[PDB]
Protein chains: 2
Amino acid sequence: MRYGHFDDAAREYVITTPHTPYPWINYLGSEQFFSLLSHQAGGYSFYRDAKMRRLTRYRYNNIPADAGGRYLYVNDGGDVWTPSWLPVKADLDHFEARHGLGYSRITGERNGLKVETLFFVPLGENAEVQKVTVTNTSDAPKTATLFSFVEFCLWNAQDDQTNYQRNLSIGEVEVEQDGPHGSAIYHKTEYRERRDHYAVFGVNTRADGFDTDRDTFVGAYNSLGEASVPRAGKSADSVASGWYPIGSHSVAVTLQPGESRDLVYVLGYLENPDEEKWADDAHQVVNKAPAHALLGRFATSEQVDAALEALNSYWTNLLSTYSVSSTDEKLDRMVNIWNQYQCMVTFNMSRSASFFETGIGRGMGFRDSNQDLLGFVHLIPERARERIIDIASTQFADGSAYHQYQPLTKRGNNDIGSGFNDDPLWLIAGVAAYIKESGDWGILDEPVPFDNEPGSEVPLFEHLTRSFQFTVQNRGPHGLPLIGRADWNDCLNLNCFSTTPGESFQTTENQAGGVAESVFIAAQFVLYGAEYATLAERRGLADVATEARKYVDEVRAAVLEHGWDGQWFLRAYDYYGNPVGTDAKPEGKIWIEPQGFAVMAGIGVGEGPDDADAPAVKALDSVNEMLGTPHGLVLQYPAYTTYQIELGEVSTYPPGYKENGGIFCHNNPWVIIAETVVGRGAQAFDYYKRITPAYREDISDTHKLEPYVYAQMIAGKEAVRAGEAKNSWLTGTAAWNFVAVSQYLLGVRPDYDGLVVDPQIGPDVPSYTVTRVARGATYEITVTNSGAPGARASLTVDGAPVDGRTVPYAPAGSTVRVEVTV
Amino acid sequence: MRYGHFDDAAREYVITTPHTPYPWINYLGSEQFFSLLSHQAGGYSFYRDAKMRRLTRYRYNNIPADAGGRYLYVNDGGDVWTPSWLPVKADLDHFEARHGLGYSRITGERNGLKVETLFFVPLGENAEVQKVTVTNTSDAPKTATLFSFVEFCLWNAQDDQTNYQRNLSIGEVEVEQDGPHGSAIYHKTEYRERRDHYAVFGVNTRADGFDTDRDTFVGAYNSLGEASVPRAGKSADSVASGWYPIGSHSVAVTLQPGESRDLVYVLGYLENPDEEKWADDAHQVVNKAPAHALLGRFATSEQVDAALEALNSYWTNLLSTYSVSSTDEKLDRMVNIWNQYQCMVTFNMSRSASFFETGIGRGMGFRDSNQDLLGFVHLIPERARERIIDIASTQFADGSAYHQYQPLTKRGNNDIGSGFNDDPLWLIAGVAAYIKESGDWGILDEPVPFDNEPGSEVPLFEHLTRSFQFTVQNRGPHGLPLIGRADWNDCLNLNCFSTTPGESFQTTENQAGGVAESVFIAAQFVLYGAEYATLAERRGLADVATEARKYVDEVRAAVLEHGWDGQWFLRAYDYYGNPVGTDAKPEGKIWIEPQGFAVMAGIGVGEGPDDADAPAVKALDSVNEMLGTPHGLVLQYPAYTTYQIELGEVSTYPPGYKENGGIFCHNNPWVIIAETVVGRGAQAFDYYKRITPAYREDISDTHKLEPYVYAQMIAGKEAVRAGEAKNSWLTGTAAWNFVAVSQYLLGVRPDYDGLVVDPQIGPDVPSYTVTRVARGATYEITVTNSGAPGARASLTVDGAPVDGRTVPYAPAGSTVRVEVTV
Ligand SMILES: OC[C@H]1O[C@@H](O)[C@H](O)[C@@H](O)[C@@H]1O
Ligand SMILES: OC[C@H]1O[C@@H](O)[C@H](O)[C@@H](O)[C@@H]1O
């Protein structure tokens with residue numbers, strides 16, 4: 001069934017009940033300030049780093065889930081309820097939650113009083129703004145008192161959750177009931193010492209009362225749903241001293257029949273130069289100048305609407321680079337709105353903070369952020385360019401690099417492991433995608449240091465040679481690249497052999513020696529190594545280029561000679577040179593990663609989709625038969641049923657979940673693309689629909705998570721929970737699926753010198769038009785698609801047929817019309 | 001204002017209401033398995049290590065506090081309530097929680113049904129047993145269904161709370177409704193991989209139903225107080241697959257008026273040898289042999305009662321070594337029961353897990369465990385001996401040592417800092433105390449490695465020499481010991497100068513250079529260096545001893561020459577060589593640590609308590625005047641009002657809390673002892689009463705925490721929360737206060753060759769008798785105390801007068817009657 005519906009004209013998902021299978025959230029902000037907001041006002045906000053600068057507290061695995069956030073307690077004649085339903089759970093006459101692009105609206109109505117709240121992070125602002133509209137829907141005048149509520153976090157989320165022996169005595173706040181634009185509360189924990197920042201929580205009106213101490217506001221023995229203050233109907237004007245600081249204002253409202261009133265609340269992040277931190281000589285009063293300015297910028301509903309309009313224009317402009325109009329509205333919906341929206345989120349968040357990733361140990365992964373670029377370069381190329389520079393700056397002189405870096409400092413760390421041999425090549429993938437998109441070859445000349453070291457700068461292209469050379473010089477006995485800690489699959493640890501519980505397979509020291517090789521890195525090298533070669537040729541390096549393509553040829557040969565099992569590609573060779581992912585073994589006979597990536601690299605591709613002799617065709621057929629399910633393709637089959645000490649973390653998961661038999665959505669688009677390469681568009685489009693949000697909305701009670709964004713994994717067959725997803729939002733499957741549908745299914749993909757139009761989506765989408773802005777020109781691509789198996793397009797440009805499927809880039813400001821016949 | 005009372009005869013603290021100022025807990029277990037149990041059944045259990053082997057989940061800073069633990073939902077004709085009050089909070093006709101030694105009883109009654117639960121960890125068992133007795137107190141037959149409940153933790157507490165991206169898919173259980181002694185549930189997360197252990201939760205009867213999935217038991221949108229299963233009146237027989245495993249059984253009972261029924265539940269920790277892990281050849285079913293045996297040892301109420309009586313005898317024996325009988329029942333209560341009970345707990349827990357310390361970052365402290373030995377050696381000398389060995393094994397060859405070690409592996413780590421220069425000398429303190437107590441000189445010969453390195457073994461005594469030499473070879477320009485990271489005071493970081501927010505002062509690396517010196521370590525060195533000299537002389541090391549005594553004299557000379565501010569002792573010299581803790585500064589004029597420790601070391605002691613010219617008297621007079629409050633002695637005065645970059649973490653706390661103006665109870669006993677040294681017993685006893693539990697019970701509403709145990713800190717005079725405590729249970733305050741009252745106030749203390757009897761407690765305790773078992777002999781010490789200042793005792797033994805106050809140890813098996821006159 002469903003718990004809501006898409007509203008395409010408004011670019012929102014409408015949740016019609018608070019009783020969803022799981023908390024469904026939205027991300028506010030797209031610059032440096034972010035907020036996680038559930039359809040029940042749950043979540044938290046942070047500035048740049050969810051671990052080091054978290055403004056508000058949020059409890060993971062709470063009972064019940066998501067029982068804390070931005071609340072507005074309404075007391076109407078003694079009756080207390082919250083429009084977000086939770087935490088009070090009063091019966092509401094009406095309830096609706098709309099998640100839009102960069103903003104959300106939550107509305108609850110009870111006994112003649114409707115309360116709607118608009119949540120969003122304004123462009124250029126480090127704050128979350130709430131515009132509350134309370135309306136009297138009865139035929140008689142009403143009065144009520146509204147109590148706002150937000151629980152602060154002590155900035156360092158990790159410290160906040162574990163170091164009470166210290167932090168229960170450091171909570172500090174300041175109260176300003178009579179500010180220039182209304183009342184405001186200041187959370188200044190540790191501002192006394194090393195912090196040059198504080199948070200503010202204010203409203204555009206002089207509040208009747210306030211509260212900053214949670215225990216006083218909530219009351220002993222009470223949950224947020226039984227908060228004492230709202231029930232009493234009067235603030236306690238508590239001034240916190242240690243323990244748990246909060247922000248709360250009481251506002252008395254009076255409304256004639258049909259009359260409404262707006263209230264604007266602001267949660268802001270402020271900083272002061274060290275030499276202007278205090279308002280007094282005694283250094284006891286925080287300088288509120290920046291806070292006042294901010295509150296002044298959102299003192300009226302007109303300012304809020306103006307900012308919301310700018311955010312709308314912002315998104316209209318971002319989404320104008322790639323769009324499609326076809327016969328499939330679920331497809332259009334994904335392509336024009338949601339997939340691109342999610343790509344903005346993953347670009348900004350990586351895999352750090354969601355309702356699954358706790359925003360503590362994970363920052364910006366090297367592999368993750370490079371891949372996120374693939375689906376983000378068309379949105380804001382300049383930010384992609386800077387990201388590439390930041391990512392490459394955490395690379396080592398020998399080619400390898402830190403697996404991730406801390407958001408706040410942009411410095412690498414080993415917190416979640418090191419020495420993953422697939423990491424280096426991803427840098428080449430991200431740069432190539434960026435050059436193809438923007439044509440900014442100058443980026444290759446950008447000076448980039450190694451591990452942020454002063455004096456170690458070399459041109460970015462040199463960094464790429466280091467990455468390319470790292471693989472060529474780290475191949476094993478079969479000519480395949482050594483896997484190291486692991487490859488794309490973090491759970492394939494062939495140099496681990498751990499028997500000690502508790503220690504993460506991710507950071508437990510690997511064993512020296514062995515000949516563990518990866519077939520995945522082999523295909524990855526064949527694919528991106530070829531791009532490296534092209535980048536070198538363009539720079540005039542015939543020497544470097546020529547050698548590079550030789551190595552690519554050697555590894556390609558190695559894959560066919562030593563990485564072929566008979567009906568599908570081998571996965572790897574373990575520490576002892578034993579094959580992994582072979583039909584000879586009882587479990588884990590076939591692994592999906594190499595099948596998709598090898599064919600993407602053109603390995604084993606025959607003369608056509610019906611060439612049942614080509615290994616690429618055999619591999620894909622095997623994938624379909626052994627890994628296919630109604631919810632997507634599982635990682636490997638059969639799943640491991642006992643701990644395989646030589647394979648690492650993989651077999652530690654019960655069958656059907658995560659890397660052991662689960663549908664790891666991220667690698668499904670690789671098979672999708674592989675199928676388009678071989679010329680089987682119908683099957684590729686089929687796989688796309690099995691895991692895409694819009695197509696799975698009708699089974700929301702099974703998927704359970706958000707119906708408008710991709711998740712990391714869906715329980716595979718073999719799991720009692722088959723079809724149920726976990727880890728929504730933060731996943732590379734967003735970037736890879738946008739790549740798949742926009743560039744290979746719909747077929748519009750940027751190349752170095754032109755735009756290739758190579759549709760391969762099958763018969764289910766007979767006609768569509770893609771509007772693509774590229775290199776400053778607008779391309780109107782009109783496709784008439786027969787869907788014929790293996791049939792590829794022929795183009796006519798501006799009234800004249802052309803050869804091939806690559807349209808040379810037209811000059812900026814131009815508008816070219818290409819007619820496509822497939 | 002009280003919420004209960006002491007029951008001396010039963011050795012319990014009786015809590016008469018569930019509405020306490022804060023959750024009040026008891027610790028179950030004294031060997032390898034421990035349980036934190038609040039008066040509302042809240043808390044959790046773990047095996048040896050709270051971070052690595054935590055059986056059950058507990059949420060710190062939950063709303064409301066302590067909502068989660070061992071619950072028993074009672075469904076009486078549709079009405080659902082819990083005897084522990086929380087989480088349902090149904091009105092109870094009667095409620096009472098009794099915390100005893102190693103066990104607790106919680107009783108709740110509602111509408112004709114009384115439910116009593118006995119909680120405890122049996123000796124020699126790694127489990128928590130619950131004996132539940134249900135009684136029909138009405139005049140008509142009753143039928144009710146009891147639902148047990150406990151939420152499992154995924155072993156690694158840190159992973160459990162932060163790695164959901166993985167662990168929401170690994171939870172695994174096994175259900176055994178028809179076991180040999182009743183029904184049982186097995187929590188076996190990760191047993192399929194590296195863990196050789198699992199937990200069991202069973203009941204001594206065949207249950208009507210069960211539940212292993214939290215969400216199914218509790219229900220969507222519900223808190224534990226609104227659990228659906230109990231409300232429905234029957235188990236859902238849920239079998240978990242990932243998410244949140246729980247243990248729950250349902251038992252229907254029918255009781256005639258006045259009839260009662262017993263049910264015995266068991267939460268156990270089981271291990272299996274690798275070759276005995278599975279019941280099947282396919283390795284899918286856990287071998288339950290050890291679990292079946294455990295459940296068999298507690299299948300009857302008779303077995304429970306026998307184990308409880310064994311526990312009672314165990315404590316009677318432990319408390320028979322030192323006890324007193326005076327005219328003060330609060331004093332007696334503390335000395336005979338509670339202070340000693342707490343010392344066993346600190347010995348076992350160090351500072352790792354309480355309702356404040358989270359059982360994650362902290363293991364067994366080097367400084368902490370050495371000091372706890374001071375109040376534990378008389379209880380179980382054999383276990384203190386091993387602890388000394390384990391501690392010394394984490395020491396480095398140069399004398400320095402790991403600041404703490406992981407409880408499960410006994411290996412040190414730098415998780416909470418490194419290079420604390422006071423650490424080394426504490427090892428000598430612990431060993432000296434142990435030898436004086438047991439006369440086990442052989443321990444100095446025990447082979448002991450450095451940093452657990454096999455083959456690096458060296459006599460324990462040699463480790464002491466390393467500690468001694470470390471201080472000798474690390475003195476500054478004034479001849480005082482270099483402070484390093486920090487001394488006893490973790491917040492006096494003079495080599496820090498941090499301006500980077502969020503990074504712990506404890507772990508942030510420090511700056512080389514400077515001349516920062518510590519007066520505290522100087523005093524510490526004089527005190528324990530003297531002990532080292534004695535041990536060296538007794539070992540036959542005449543020259544080493546002579547040398548040692550020489551170094552000791554130099555350090556004490558430096559204290560009086562470079563560590564005296566005029567009216568009190570200086571605290572230290574900063575990185576720049578400037579004095580810390582001087583009247584020349586506006587804040588932090590006088591610090592308490594050096595005042596108490598220097599005098600304890602005898603530095604500055606004059607002709608008597610009336611000698612106003614003796615520095616020791618001036619110092620203590622300054623302490624009384626500037627640091628004294630009705631709740632104890634504050635750490636320093638005035639507290640710092642702005643961040644002092646050269647002092648480290650200390651000034652980061654708001655005035656009046658923790659190390660910045662708070663009453664850090666741990667250092668109060670040093671001033672208490674100092675006072676008995678200068679001959680002012682009345683003042684010393686006064687200070688003892690200010691911070692002692694039994695004396696603060698009458699103001700439970702202000703202390704707020706447990707009224708039967710010491711806390712780490714009580715808010716100081718500069719705090720708005722003055723008088724309010726934080727961090728109860730785990731503190732060196734327990735061991736040090738026991739040392740103070742048992743050895744210096746009451747005056748009975750062990751020496752190398754005899755038992756010292758030197759009372760110095762003032763006129764408030766005119767007569768008392770101490771029964772002390774030492775070196776296998778019993779000493780009945782009858783004291784007639786005038787309490788006159790400066791007055792020291794004269795003794796008579798078995799009818800004859802003796803010289804001085806030291807009674808040479810009598811042969812084992814004898815009873816010595818000492819008559820003391822003061
Ligand atoms: O790491 C433990 C230390 O942490 C510091 O922040 C606290 O102020 C000390 O009281 C404590 O001993
Ligand atoms: O640390 C991150 C990694 O943790 C592993 O436990 C998971 O199986 C991986 O999916 C994840 O990438």
# chains A, B, ... in the order shown; residues from 1 in each chain; ligands from 1

$ closest_atom_pairs --of "chain A" --to "ligand 1" --cutoff "12 Å" --atoms "only C-alpha atoms and all ligand atoms" --output "JSON lines"
{"residue": "A:159", "atom": "CA", "partner": "ligand 1", "partner_atom_place_in_ligand_line": "6 (O)", "distance": 10.4}
{"residue": "A:162", "atom": "CA", "partner": "ligand 1", "partner_atom_place_in_ligand_line": "1 (O)", "distance": 11.4}
{"residue": "A:163", "atom": "CA", "partner": "ligand 1", "partner_atom_place_in_ligand_line": "6 (O)", "distance": 8.1}
{"residue": "A:164", "atom": "CA", "partner": "ligand 1", "partner_atom_place_in_ligand_line": "6 (O)", "distance": 9.3}
{"residue": "A:165", "atom": "CA", "partner": "ligand 1", "partner_atom_place_in_ligand_line": "7 (C)", "distance": 6.8}
{"residue": "A:166", "atom": "CA", "partner": "ligand 1", "partner_atom_place_in_ligand_line": "6 (O)", "distance": 5.1}
{"residue": "A:167", "atom": "CA", "partner": "ligand 1", "partner_atom_place_in_ligand_line": "6 (O)", "distance": 8.1}
{"residue": "A:168", "atom": "CA", "partner": "ligand 1", "partner_atom_place_in_ligand_line": "6 (O)", "distance": 10.8}
{"residue": "A:169", "atom": "CA", "partner": "ligand 1", "partner_atom_place_in_ligand_line": "8 (O)", "distance": 9.7}
{"residue": "A:170", "atom": "CA", "partner": "ligand 1", "partner_atom_place_in_ligand_line": "8 (O)", "distance": 10.4}

$ residues_around --residues "residue 667 of chain B" --least-positions-apart "6" --cutoff "10 Å" --atoms "only C-alpha atoms" --output "list in words"
residues 488, 489, 592, 593, 594, 595, 596, 597, 633, 634, 635, 712, 732, 733, 736 and 737 of chain B

$ select_by_dssp --residues "segment 315-351 of chain B" --states "strand (DSSP E)" --output "PyMOL selection string"
chain B and resi 322-326

$ residues_near_ligand --ligand "ligand 2" --cutoff "8 Å" --atoms "only C-alpha atoms and all ligand atoms" --output "short mmCIF file (atom, residue, chain, number, x, y, z; two decimals) with N, CA and C atoms, in the first residue's frame"
data_model
loop_
_atom_site.label_atom_id
_atom_site.label_comp_id
_atom_site.auth_asym_id
_atom_site.auth_seq_id
_atom_site.Cartn_x
_atom_site.Cartn_y
_atom_site.Cartn_z
N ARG A 362 31.98 8.47 10.54
CA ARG A 362 32.16 8.64 9.10
C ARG A 362 32.10 10.08 8.60
N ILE A 416 38.08 4.56 9.79
CA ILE A 416 37.31 3.42 9.29
C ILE A 416 38.12 2.52 8.36
N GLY A 417 39.43 2.45 8.59
CA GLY A 417 40.28 1.61 7.78
C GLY A 417 41.19 2.38 6.84
N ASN A 489 33.98 -3.55 -2.29
CA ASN A 489 33.26 -4.28 -1.25
C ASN A 489 34.11 -4.23 0.02
N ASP A 490 33.68 -3.43 1.00
CA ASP A 490 34.40 -3.28 2.26
C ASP A 490 34.44 -4.56 3.11
N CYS A 491 33.60 -5.54 2.78
CA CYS A 491 33.54 -6.77 3.55
C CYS A 491 34.34 -7.94 3.00
N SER A 504 36.81 -4.32 14.61
CA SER A 504 36.31 -4.09 13.26
C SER A 504 37.22 -4.66 12.18
N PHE A 505 36.62 -5.41 11.26
CA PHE A 505 37.38 -6.01 10.14
C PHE A 505 37.93 -4.87 9.32
N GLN A 506 37.32 -3.70 9.50
CA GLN A 506 37.69 -2.50 8.75
C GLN A 506 39.01 -1.88 9.22
N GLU A 649 34.73 -9.85 6.76
CA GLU A 649 33.41 -9.51 7.29
C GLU A 649 32.20 -10.08 6.55
N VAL A 650 32.31 -10.28 5.24
CA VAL A 650 31.18 -10.76 4.45
C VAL A 650 30.29 -11.86 5.05
N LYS A 658 22.79 -7.02 3.85
CA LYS A 658 24.01 -6.31 3.50
C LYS A 658 24.85 -7.08 2.49
N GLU A 659 26.17 -7.10 2.69
CA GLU A 659 27.07 -7.76 1.75
C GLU A 659 26.95 -9.28 1.60
N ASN B 163 27.01 2.02 15.31
CA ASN B 163 27.17 1.36 14.03
C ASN B 163 25.95 0.63 13.47
N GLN B 165 24.41 1.06 10.78
CA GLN B 165 24.51 0.77 9.35
C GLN B 165 24.87 -0.70 9.13
N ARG B 166 25.49 -1.30 10.14
CA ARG B 166 25.84 -2.72 10.08
C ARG B 166 24.99 -3.54 11.04
N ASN B 167 25.05 -3.19 12.32
CA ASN B 167 24.38 -3.98 13.34
C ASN B 167 22.87 -4.13 13.37
#

$ residues_around --residues "residue 128 of chain A" --least-positions-apart "3" --cutoff "6 Å" --atoms "only C-alpha atoms" --output "list in words"
residues 120, 121, 266 and 267 of chain A

$ write_last_selection --atoms "N, CA, C and O atoms" --output "PDB file, in the first residue's frame"
ATOM      1  N   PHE A 120      12.821  25.095   6.901  1.00  0.00           N
ATOM      2  CA  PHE A 120      13.803  25.233   5.835  1.00  0.00           C
ATOM      3  C   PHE A 120      15.077  25.949   6.261  1.00  0.00           C
ATOM      4  O   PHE A 120      15.116  26.628   7.287  1.00  0.00           O
ATOM      5  N   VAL A 121      16.132  25.753   5.476  1.00  0.00           N
ATOM      6  CA  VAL A 121      17.411  26.409   5.722  1.00  0.00           C
ATOM      7  C   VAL A 121      17.592  27.383   4.560  1.00  0.00           C
ATOM      8  O   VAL A 121      17.791  26.966   3.423  1.00  0.00           O
ATOM      9  N   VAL A 266      13.696  30.859  14.779  1.00  0.00           N
ATOM     10  CA  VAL A 266      14.994  30.670  14.148  1.00  0.00           C
ATOM     11  C   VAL A 266      16.013  29.974  15.047  1.00  0.00           C
ATOM     12  O   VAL A 266      16.217  30.379  16.193  1.00  0.00           O
ATOM     13  N   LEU A 267      16.629  28.916  14.519  1.00  0.00           N
ATOM     14  CA  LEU A 267      17.686  28.188  15.214  1.00  0.00           C
ATOM     15  C   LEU A 267      18.927  28.577  14.416  1.00  0.00           C
ATOM     16  O   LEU A 267      19.095  28.137  13.279  1.00  0.00           O
TER      17      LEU A 267
END

$ interface_residues --of "chain B" --to "chain A" --cutoff "6 Å" --atoms "only C-alpha atoms" --output "PyMOL selection string"
chain B and resi 63-64+162+164-165+170+193-195+221-223+356-358+499+501+643+652-653

$ select_by_dssp --residues "segment 525-726 of chain B" --states "helix (DSSP H, G or I)" --output "ChimeraX atom specification"
/B:525-538,542-562,592-600,615-627,650-652,665-678,681-691,693-703

$ closest_residue --among "A:324, A:555, A:391, A:739" --to "residue 770 of chain A" --atoms "only C-alpha atoms"
A:324

$ closest_atom_pairs --of "segment 85-191 of chain A" --to "segment 30-40 of chain A" --cutoff "10 Å" --atoms "only C-alpha atoms" --output "Markdown table"
| residue | atom | partner | partner_atom | distance |
| --- | --- | --- | --- | --- |
| A:85 | CA | A:40 | CA | 6.8 |
| A:86 | CA | A:40 | CA | 6.4 |
| A:87 | CA | A:40 | CA | 8.6 |
| A:96 | CA | A:39 | CA | 8.5 |
| A:97 | CA | A:39 | CA | 5.7 |
| A:98 | CA | A:39 | CA | 7.7 |
| A:99 | CA | A:39 | CA | 7.7 |
| A:101 | CA | A:30 | CA | 9.9 |
| A:102 | CA | A:30 | CA | 7.5 |
| A:103 | CA | A:37 | CA | 9.2 |
| A:104 | CA | A:37 | CA | 8.0 |
| A:105 | CA | A:39 | CA | 8.6 |
| A:106 | CA | A:39 | CA | 6.9 |
| A:107 | CA | A:39 | CA | 9.8 |
| A:119 | CA | A:37 | CA | 8.4 |
| A:120 | CA | A:35 | CA | 8.4 |
| A:121 | CA | A:34 | CA | 7.4 |
| A:122 | CA | A:30 | CA | 9.4 |
| A:123 | CA | A:31 | CA | 7.7 |
| A:124 | CA | A:31 | CA | 7.6 |
| A:125 | CA | A:33 | CA | 7.5 |
| A:126 | CA | A:33 | CA | 5.0 |
| A:127 | CA | A:33 | CA | 6.7 |
| A:128 | CA | A:35 | CA | 7.4 |

$ write_last_selection --atoms "N, CA, C and O atoms" --output "tab-separated table (two decimals), in the first residue's frame"
chain	number	residue	atom	x	y	z
A	85	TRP	N	2.04	15.33	15.71
A	85	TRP	CA	1.50	14.13	16.35
A	85	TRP	C	2.41	13.74	17.51
A	85	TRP	O	2.07	14.00	18.67
A	86	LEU	N	3.55	13.11	17.23
A	86	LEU	CA	4.48	12.78	18.30
A	86	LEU	C	4.92	14.15	18.84
A	86	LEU	O	4.87	15.15	18.12
A	87	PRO	N	5.35	14.22	20.11
A	87	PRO	CA	5.47	13.12	21.07
A	87	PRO	C	4.19	12.87	21.85
A	87	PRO	O	4.04	11.84	22.50
A	96	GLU	N	-0.87	16.33	7.85
A	96	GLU	CA	-0.19	16.20	6.58
A	96	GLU	C	1.24	16.68	6.69
A	96	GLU	O	1.54	17.64	7.41
A	97	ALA	N	2.13	15.99	5.98
A	97	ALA	CA	3.54	16.35	5.97
A	97	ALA	C	4.02	16.37	4.53
A	97	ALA	O	3.88	15.38	3.81
A	98	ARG	N	4.55	17.50	4.11
A	98	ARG	CA	5.05	17.64	2.76
A	98	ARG	C	6.55	17.85	2.76
A	98	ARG	O	7.05	18.79	3.39
A	99	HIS	N	7.28	16.97	2.09
A	99	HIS	CA	8.72	17.10	2.00
A	99	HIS	C	9.01	17.65	0.62
A	99	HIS	O	8.68	17.03	-0.39
A	101	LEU	N	11.87	20.38	-1.82
A	101	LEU	CA	13.29	20.55	-2.09
A	101	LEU	C	13.91	21.63	-1.21
A	101	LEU	O	13.82	22.82	-1.52
A	102	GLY	N	14.52	21.21	-0.10
A	102	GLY	CA	15.15	22.14	0.81
A	102	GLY	C	14.21	22.68	1.87
A	102	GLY	O	14.59	23.57	2.64
A	103	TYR	N	12.99	22.16	1.93
A	103	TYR	CA	12.01	22.62	2.90
A	103	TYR	C	10.93	21.56	3.09
A	103	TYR	O	10.74	20.69	2.24
A	104	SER	N	10.22	21.65	4.21
A	104	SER	CA	9.13	20.73	4.52
A	104	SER	C	8.01	21.47	5.24
A	104	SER	O	8.25	22.48	5.90
A	105	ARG	N	6.79	20.97	5.09
A	105	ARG	CA	5.64	21.55	5.77
A	105	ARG	C	4.97	20.43	6.53
A	105	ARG	O	4.75	19.34	6.00
A	106	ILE	N	4.66	20.68	7.80
A	106	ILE	CA	3.98	19.69	8.61
A	106	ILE	C	2.76	20.39	9.20
A	106	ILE	O	2.88	21.46	9.80
A	107	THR	N	1.59	19.79	9.01
A	107	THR	CA	0.37	20.40	9.51
A	107	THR	C	-0.49	19.45	10.32
A	107	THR	O	-0.75	18.31	9.91
A	119	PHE	N	9.41	24.39	7.48
A	119	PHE	CA	10.79	24.18	7.91
A	119	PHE	C	11.74	24.34	6.72
A	119	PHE	O	11.50	23.76	5.66
A	120	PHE	N	12.82	25.10	6.90
A	120	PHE	CA	13.80	25.23	5.83
A	120	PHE	C	15.08	25.95	6.26
A	120	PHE	O	15.12	26.63	7.29
A	121	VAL	N	16.13	25.75	5.48
A	121	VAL	CA	17.41	26.41	5.72
A	121	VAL	C	17.59	27.38	4.56
A	121	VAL	O	17.79	26.97	3.42
A	122	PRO	N	17.51	28.69	4.83
A	122	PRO	CA	17.66	29.72	3.80
A	122	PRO	C	19.02	29.70	3.11
A	122	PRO	O	20.03	29.35	3.73
A	123	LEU	N	19.03	30.07	1.83
A	123	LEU	CA	20.27	30.13	1.07
A	123	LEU	C	21.17	31.17	1.72
A	123	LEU	O	20.69	32.23	2.12
A	124	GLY	N	22.46	30.87	1.83
A	124	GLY	CA	23.39	31.81	2.43
A	124	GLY	C	23.28	31.99	3.93
A	124	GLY	O	23.94	32.87	4.50
A	125	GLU	N	22.46	31.17	4.59
A	125	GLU	CA	22.27	31.28	6.03
A	125	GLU	C	22.61	29.98	6.76
A	125	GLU	O	22.31	28.89	6.26
A	126	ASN	N	23.23	30.11	7.93
A	126	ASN	CA	23.58	28.96	8.76
A	126	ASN	C	22.52	28.90	9.84
A	126	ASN	O	22.79	29.18	11.01
A	127	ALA	N	21.30	28.55	9.45
A	127	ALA	CA	20.21	28.48	10.40
A	127	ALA	C	19.01	27.73	9.82
A	127	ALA	O	18.89	27.57	8.61
A	128	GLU	N	18.15	27.26	10.71
A	128	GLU	CA	16.94	26.56	10.31
A	128	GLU	C	15.78	27.47	10.72
A	128	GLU	O	15.66	27.84	11.88

$ residues_around --residues "residue 550 of chain B" --least-positions-apart "3" --cutoff "12 Å" --atoms "only C-alpha atoms" --output "PyMOL selection string"
chain B and resi 472+526+529-530+533+543-547+553-557

$ residues_around --residues "residue 760 of chain B" --least-positions-apart "2" --cutoff "6 Å" --atoms "only C-alpha atoms" --output "list in words"
residues 676, 681 and 745 of chain B
